[PDB]
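In: this one is an experimental structure. Sequence first:
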Number of protein chains: 4
Amino acid sequence: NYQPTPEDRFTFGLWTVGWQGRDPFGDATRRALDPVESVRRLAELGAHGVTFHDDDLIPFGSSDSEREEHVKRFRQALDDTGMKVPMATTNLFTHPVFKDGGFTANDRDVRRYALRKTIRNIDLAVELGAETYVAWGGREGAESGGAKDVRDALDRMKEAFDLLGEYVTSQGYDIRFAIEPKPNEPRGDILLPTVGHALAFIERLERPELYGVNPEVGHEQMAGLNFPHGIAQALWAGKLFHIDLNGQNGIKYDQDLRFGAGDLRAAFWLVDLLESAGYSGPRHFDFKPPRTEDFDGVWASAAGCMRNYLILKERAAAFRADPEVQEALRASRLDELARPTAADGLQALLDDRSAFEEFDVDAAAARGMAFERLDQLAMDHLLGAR
Amino acid sequence: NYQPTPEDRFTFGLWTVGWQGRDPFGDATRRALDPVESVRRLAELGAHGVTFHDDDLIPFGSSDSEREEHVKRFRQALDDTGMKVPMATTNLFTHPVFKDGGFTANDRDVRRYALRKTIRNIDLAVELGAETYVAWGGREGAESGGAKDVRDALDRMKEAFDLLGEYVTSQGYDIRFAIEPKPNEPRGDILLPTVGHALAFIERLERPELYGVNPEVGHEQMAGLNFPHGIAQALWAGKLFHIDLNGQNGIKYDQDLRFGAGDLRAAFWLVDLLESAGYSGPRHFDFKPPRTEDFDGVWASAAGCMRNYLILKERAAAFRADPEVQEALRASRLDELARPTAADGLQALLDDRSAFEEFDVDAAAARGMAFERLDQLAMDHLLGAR
Amino acid sequence: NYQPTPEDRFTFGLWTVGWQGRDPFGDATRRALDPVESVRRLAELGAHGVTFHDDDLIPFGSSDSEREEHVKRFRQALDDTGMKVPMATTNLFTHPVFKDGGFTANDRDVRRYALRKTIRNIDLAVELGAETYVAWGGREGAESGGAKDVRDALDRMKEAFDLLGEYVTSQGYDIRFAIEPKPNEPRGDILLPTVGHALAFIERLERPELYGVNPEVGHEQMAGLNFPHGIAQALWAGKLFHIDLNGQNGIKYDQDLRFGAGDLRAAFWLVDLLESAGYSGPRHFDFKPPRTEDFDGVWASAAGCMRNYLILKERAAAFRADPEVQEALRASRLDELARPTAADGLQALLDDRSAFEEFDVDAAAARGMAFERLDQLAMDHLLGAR
Amino acid sequence: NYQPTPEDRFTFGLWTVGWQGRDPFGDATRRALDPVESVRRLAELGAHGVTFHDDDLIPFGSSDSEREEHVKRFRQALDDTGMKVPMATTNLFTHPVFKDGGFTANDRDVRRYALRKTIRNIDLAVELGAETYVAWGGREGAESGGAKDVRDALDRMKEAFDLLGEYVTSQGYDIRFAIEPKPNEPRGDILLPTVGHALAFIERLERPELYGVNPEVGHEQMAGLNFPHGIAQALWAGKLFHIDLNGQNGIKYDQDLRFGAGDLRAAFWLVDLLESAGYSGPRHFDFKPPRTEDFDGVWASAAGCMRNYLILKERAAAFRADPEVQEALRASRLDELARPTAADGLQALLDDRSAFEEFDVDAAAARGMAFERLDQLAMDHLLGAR
Ligand SMILES: [Mg+2]
Ligand SMILES: [Mg+2]
Ligand SMILES: [Mg+2]
Ligand SMILES: [Mg+2]
Ligand SMILES: [Mn+2]
Ligand SMILES: [Mn+2]
Ligand SMILES: [Mn+2]
Ligand SMILES: [Mn+2]
């Protein structure tokens, strides 16, 4: 019941099911996973593919010879399973040299090193067939106010993404970039903290059409924001290139719970929107099986991500297909929201006495929105109470 | 000591010192202020001018005759005091007809009414000499997921701002718009919830150059965000048209405390940035004297907004003028942050072996940022301990 | 399907379905309800009873004659419907005299007035058969640090509750008190901000056994806290006298959404706990139908509170009755959590070499908790996917 | 200027200045510190003493022989410097065996192991002269609702603290316990999440007088709570045995910034209260020098903790000594807050017509609190603008 297939386009980072459980107060509770074992185990669970940071796949400092061996082993697992690699990304956050950032480190030589490390992995991502290159600037930011001039940092950030876009276009690569916002952690404040800040920054890049966002459920919720709303704005701008699905219990540290956990109703409205909008990218799970779990709990948690998506997809489809819901949507004037306010144009609106001089403001004010009956229909559908 | 003058460009909304103290659980604790009395009292405190919503100045439903009388009285107070009106805005939030929004109400006739109400007040703002027209979409949003298709709402929002920009340009008005973001309250979630979301939306408008942001200290702090960072991004984009100054104690209801209260260190870094960047707009206080206060407390609170700005301006100037601070900034490589990462260009960076092949990552990793000594210098300056 | 009966003990405040929609930025969108009409409408929806503040029932300033008339009318509606009044409370927050508190106002004469106003309504509550008297100190607190010495305020707060307990015991009344915590709003910070702070304060009162807590879902969530955990601590202490059910979307202003909205999974675990623990008090809904709604939306929202409770009660019962869940609970050692750590006593534990000297810490560390499979069983039950 | 002396009672955990910089996304940026070097370096900065977890001082798994050697080395550093050890604590959070808790682990054998590990370190703490034994239940809690029955966990938690109190009293030790609350991180929710919940729990222990709280600035701020208020309640209950000082920027992950950073005004009101109340315990800094820092930044950060305390102590003393402030406090009726509401007793209050029948509610309502002028005096003192 509710079984995923590779057509559902579910993907997982190596670093997700492979998280050993080391947290700021505790050592690892699980041994490291061979990326080949993860590929095979995820393929049996019905996943469509995997993603990776460079350092998840090739241990940091690997010689060029060890590097090729690690890739060849990985490629063979992809060939044996049919798994794809739709997305890749760079680790610009773990090694101590990145303690003040990569692209916006105050030290110029670290910024150049950061760009060279990224470019090396773009080549590899393209070799493996990735369509999207994600950038999560986890160390770009500050704990104190004088440490970072944010306008200079934004200049440096734009400079880095512009150079990466020059590299991609000069190589003829068919790959696009996706900025993954996060409001804080591990820096006190992280630059481009939300979907909106990333969308606004992109519009200042030399080639804006190469760049979109990879929003994460938990990250926008770490600022108390409505994740489905943020996704709707990304869709409206044409910039939802990729998405990270997981769960988060409000404003606290980045929990990365399995998808469906955390804010369940938000997950429902997210699935409703992705499916209604015809999102056709990967459904990527950026999550961490809790460190209480052994390896069987890891795979149970990963299976749960997929199951919860498929259950919510069924309930959202049932909600939208229900005539009583369709009738309720009309009662709340969702149909009117979709109509132009003034397709008759400015001058017609200015001479339309029914818009102002003869508008009956009290009759309008008295009409109820009927939103609560609509939301209870939505609740009943989610819970399978109809 | 620390006395404001009209050259300091301090401005106040009528609705700020005029807030009667009605909150969701309590009745008014103060009688209504005549806008003429506020103008005269603020001018004696050293303010530079006032702002208004249409309904602050002209009671809702006023005949055209009463309207002219209210304006004429107000104009005479401006002439007697020398006070300016740099900014005006529309009340699209108080009257029950706006309970589901103005520009993005589901009811089309309310949206048209909302546009006509705004256009009427733009004419008045221009008559009074306002340079900036603010839009705070306080009712644009939702409490439940099905109530608002956010993509349709964004279409309607863009349609409204586009029509207003057509109106302004067709009249030849020299006025620009400034969107005031707020993440929530009074709606469960408000559209365009942060500075970043508003900046991104503007880039989809037909005439983006007419529109900027009017960020509010407390609003970005209601999402846990770093307000000086958000202001830096607005400045970097060239979009800080106006700013609302006040105080807020973290993530809760919109307190609108006087400026300097709330997050004091954030206020310091904000003043440092506005003054370093040469912000030359109004320093507008969107605040509410607490309802514990009588009228003398109102004017004490308003004087405090200005005093705290002027004290922080002095401490920030002293901080930046201090040679030991200038030396510390170099020690933390703020000077390197301001230099291009790769002005030698992509190809030079790709063949620069010192950026990767021969980069000594451990030597780089070992260099301390010296951020804590810098921040303690900043703390000592703020507290006048040097 | 899922129909409430008066045996389900669902109750509503007059002020809930009677909220006119006035918020800090907007006027009322609904006319005032006659308390008699609310009683009759709620009884037809299946409610068991109503609660009231004194000022909900008797308009403030009413003569003793008008007072008796208002009570007599109300009593007749209770007799005609069979509705009970299980709980009553005092409005110590709306009138401007309470702007700095009632029990902990800095002005002594306001504190005495506050006590006399409460005592008058205790008499009335007892006349109407109320078992619980709630105290929500909404104005007890401060916006600034010097305004309130909190130790003095706590002395005054204890003095007030002690005098009320003396009054009750001297009259021979069979009524107990329940403190309703709230972390903030309308004060910047409210005293006794959470369930824990109220539980701790009670233990310093002269007659602790007269006092318990009335926790509210949304209030503990306004501090980011786990409401089921807080309820479990109240139960463990024997102090859950009453409970307020509603919904809240994280850390922001007090939304008072209908129960089931907000954090749906938290609502599920709350119902599971109340029913497992055999809570037998009223299921009270302290909620506000959103101001978008007309009167039909009001009653739809109130019906939804009850429906969602009954749906969650069914899913929690199914979860706990499921053998596979019972097996999973054993796999995660919930049975071991319920056993004493050291019923053999201190000396036995100190000489038990298997507890330390020969404890195999790595074998213990390797056992997975199996929490994720358990939580997915809980998710599947909630969603009716088994 | 502002130099600490050992009479200022400033103390530091070994784990604070010794934090290597490993965070959930990054490796260590600093080498490990020898506890002897920390003792000597802190003594030269003017600290009064150090605290430790067992595993900070004796590496986990150390033979009894290595153990004695580690203690002897440490003792010699204390003797050479004059440093005290006022407080000690147990690491029940790092090792994987504690992944589901120590005292409230679901596995009974882990709970017994947890108690034996604690008891071993109590003996050592007493040997070294510690007055307070802290308990921070960082792993006691859950990420999902079914994983932990909170009433059973509270039974287990009480059982553990009761056994520890039996051990202490049976040995005749002069040591008291202090529970350190934290709302979340590393568990999704932690048991006894705030000062209030810990104070309430203590009152159910067999020997409540052995137990108090060790509140941490940042932890209560992680729930959005007012830390000075929480400290005032702890003082009022007589339970502030110890305190952890640091900085935190609102509701997010546990930053542990140096004291004075984060909420500066809250730090001021905290110092004002500790000094006014005559707190005479250690001023303990539970902080982490940011991982951007090298070892010189570590010691600069630690010096800053102490400096900021001493600057704030001076400004708070100046504030309270200022006649104009003393006059303002009377104007705001702080003197009336400190007087009994009804020392004349219940019957006198019931027959006092000036408390109700003849109370002039409108005259009372019209009196302003004058809180804003008071708070601006407090602001001017903090900033040294008088
Ligand atoms: Mg992610
Ligand atoms: Mg504003
Ligand atoms: Mg309530
Ligand atoms: Mg601590
Ligand atoms: Mn995350
Ligand atoms: Mn505001
Ligand atoms: Mn509430
Ligand atoms: Mn901490």
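Out: Structure's in. What do you need? Residues are numbered from 1 along each chain as shown, chains lettered A, B, ... in the order given. Ligands and ions are numbered 1, 2, ... in the order given.

In: what ranges do the helices span in the stretch 151-300 of chain A?
Out: A:195-202, A:217-221, A:227-236, A:264-276, A:295-321 (DSSP state H, counting those that start in this stretch).

In: out of those helices, which is closest to residue D:29?
Out: Set against residue D:29 and scored by CB to CB, these come closest in helix A:217-221, at 24.2 Å. (C-beta placed from N, C-alpha, C; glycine too.)

In: by contact count, what packs against that closest one?
Out: Judged by 3 or more CB pairs under 8 Å, 6 or more residues apart in numbering or on different chains; DSSP states H and E, the packing partners of helix A:217-221 are helix A:227-236, strand A:244-245, helix A:264-276.

In: tell me which of the ones you listed lies nearest to residue A:28.
Out: Nearest to residue A:28, of the helices and strands packed on helix A:217-221 and by CB to CB, is strand A:244-245 at 23.0 Å.

In: tell me who's in contact with the closest residue to residue A:215 other than its chain neighbours.
Out: Nearest residue to residue A:215, sequence neighbours excluded (CB to CB, 6 or more residues apart in numbering or on different chains): residue A:195, at 4.8 Å. By CB atoms under 8 Å, 6 or more residues apart in numbering or on different chains, residue A:195 lies in contact with A:181, A:213, A:215, A:220, A:225, A:230, A:231, A:233, A:234, B:196, B:197.

In: make JSON lines out of these and add distance to ligand 7 and neighbour count.
Out: Compiled in JSON lines, the contacts of residue A:195 are given as follows (distance: CB to the ion, whole Å; neighbours: other CB atoms under 10 Å in any protein chain shown):
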{"residue": "A:181", "distance to ligand 7": "31", "neighbour count": "26"}
{"residue": "A:213", "distance to ligand 7": "35", "neighbour count": "31"}
{"residue": "A:215", "distance to ligand 7": "31", "neighbour count": "29"}
{"residue": "A:220", "distance to ligand 7": "25", "neighbour count": "27"}
{"residue": "A:225", "distance to ligand 7": "22", "neighbour count": "28"}
{"residue": "A:230", "distance to ligand 7": "26", "neighbour count": "29"}
{"residue": "A:231", "distance to ligand 7": "29", "neighbour count": "25"}
{"residue": "A:233", "distance to ligand 7": "30", "neighbour count": "27"}
{"residue": "A:234", "distance to ligand 7": "33", "neighbour count": "22"}
{"residue": "B:196", "distance to ligand 7": "30", "neighbour count": "28"}
{"residue": "B:197", "distance to ligand 7": "28", "neighbour count": "26"}
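
In: closest one of the residues you listed to residue A:381?
Out: Distances from residue A:381 to the contacts of residue A:195, taken by CB to CB, are shortest for residue A:231, at 20.0 Å.

In: quick check: buried residues in stretch A:318-335?
Out: By 16 or more other CB atoms under 10 Å in any protein chain shown, the buried positions in stretch A:318-335 come out as A:319, A:320, A:322, A:325, A:328, A:329, A:332, A:333, A:334.

In: what's the closest non-adjacent residue to the residue in the stretch 101-250 of chain A that ligand 2 sits nearest to?
Out: Residue of the stretch 101-250 of chain A nearest ligand 2, by CB to the ion: residue A:196 (18.0 Å). In this structure, residue A:196 finds its nearest non-sequential neighbour in residue B:197, 3.0 Å apart by CB to CB, 6+ apart.

In: cool, residue A:285 as well?
Out: Spatial nearest neighbour of residue A:285, chain neighbours left out: residue A:305 (4.4 Å); criterion: CB to CB, 6+ apart.

In: for the closest residue to ligand 7 within the stretch 251-386 of chain A, what are its contacts?
Out: Nearest to ligand 7 in the stretch 251-386 of chain A, going by CB to the ion, is residue A:372, at a distance of 17.2 Å. Going by CB under 8 Å, 6+ apart, residue A:372 touches B:144, C:258, C:289, C:290, C:293, C:297, C:300, C:301, C:304.

In: name the nearest residue to the first one, ignoring sequence neighbours.
Out: Among residues not flanking residue B:144 along the chain, residue A:375 sits closest, at 3.9 Å (CB to CB, 6+ apart).

In: returning to that earlier point: just the buried subset of the contacts of residue A:372, please.
Out: The neighbour-count test (16+ other CB under 10 Å) marks B:144, C:258, C:289, C:290, C:293, C:297, C:300, C:301, C:304 as buried among the contacts of residue A:372.

In: that older thread, could you dump the contacts of residue A:195 into JSON lines and include distance to ligand 6?
Out: JSON lines is the format used below for these (distance: CB to the ion, whole Å):
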{"residue": "A:181", "distance to ligand 6": "24"}
{"residue": "A:213", "distance to ligand 6": "27"}
{"residue": "A:215", "distance to ligand 6": "26"}
{"residue": "A:220", "distance to ligand 6": "21"}
{"residue": "A:225", "distance to ligand 6": "17"}
{"residue": "A:230", "distance to ligand 6": "21"}
{"residue": "A:231", "distance to ligand 6": "26"}
{"residue": "A:233", "distance to ligand 6": "22"}
{"residue": "A:234", "distance to ligand 6": "26"}
{"residue": "B:196", "distance to ligand 6": "18"}
{"residue": "B:197", "distance to ligand 6": "17"}
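
In: before we move on, the earlier item: dump the buried residues of stretch A:318-335 to CSV, plus secondary structure.
Out: Compiled in CSV, the buried residues of stretch A:318-335 are given as follows (DSSP: H, G, I helix; E, B strand; the rest coil):
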residue, secondary structure
A:319, helix
A:320, helix
A:322, coil
A:325, helix
A:328, helix
A:329, helix
A:332, coil
A:333, coil
A:334, helix
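
In: helix or strand: which one has the residue of chain A at minimum distance from ligand 3?
Out: Chain A approaches ligand 3 most closely through residue A:372 (19.2 Å), counting by CB to the ion. Assigned by DSSP states H and E, residue A:372 falls within helix A:371-382.

In: ok, which residues in the stretch 151-300 of chain A are in contact with ligand 1?
Out: Contact residues, the stretch 151-300 of chain A versus ligand 1 (CB under 5 Å from the ion): A:216, A:244, A:286.

In: just the strands from the stretch 1-150 of chain A, written as ranges.
Out: Under the criterion DSSP state E, counting those that start in this stretch, the stretch 1-150 of chain A contains strands at A:10-13, A:49-53, A:84-89, A:132-135, A:141-142.

In: format these as CSV; extra columns: mean neighbour count and distance to ligand 5.
Out: What follows is the strands of the stretch 1-150 of chain A, written out as CSV (neighbours: other CB atoms under 10 Å in any protein chain shown; distance: least, CB to the ion, whole Å):
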stretch, mean neighbour count, distance to ligand 5
strand A:10-13, 26, 11
strand A:49-53, 26, 14
strand A:84-89, 23, 13
strand A:132-135, 24, 12
strand A:141-142, 27, 15
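
In: take those strands and lay them out in TSV including distance to residue B:77.
Out: Compiled in TSV, the strands of the stretch 1-150 of chain A are given as follows (distance: least, CB to CB, whole Å):
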stretch	distance to residue B:77
strand A:10-13	63
strand A:49-53	64
strand A:84-89	60
strand A:132-135	54
strand A:141-142	45
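
In: can you put those in CSV and add distance to chain D?
Out: Shown next, in CSV, are these (distance: least, CB to the nearest CB, whole Å):
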stretch, distance to chain D
strand A:10-13, 13
strand A:49-53, 11
strand A:84-89, 13
strand A:132-135, 15
strand A:141-142, 9
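
In: returning to that earlier point: the helices of the stretch 151-300 of chain A into CSV, with extra columns for distance to residue C:251?
Out: Putting the helices of the stretch 151-300 of chain A into CSV (distance: least, CB to CB, whole Å) gives the following:
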stretch, distance to residue C:251
helix A:195-202, 19
helix A:217-221, 11
helix A:227-236, 15
helix A:264-276, 15
helix A:295-321, 24
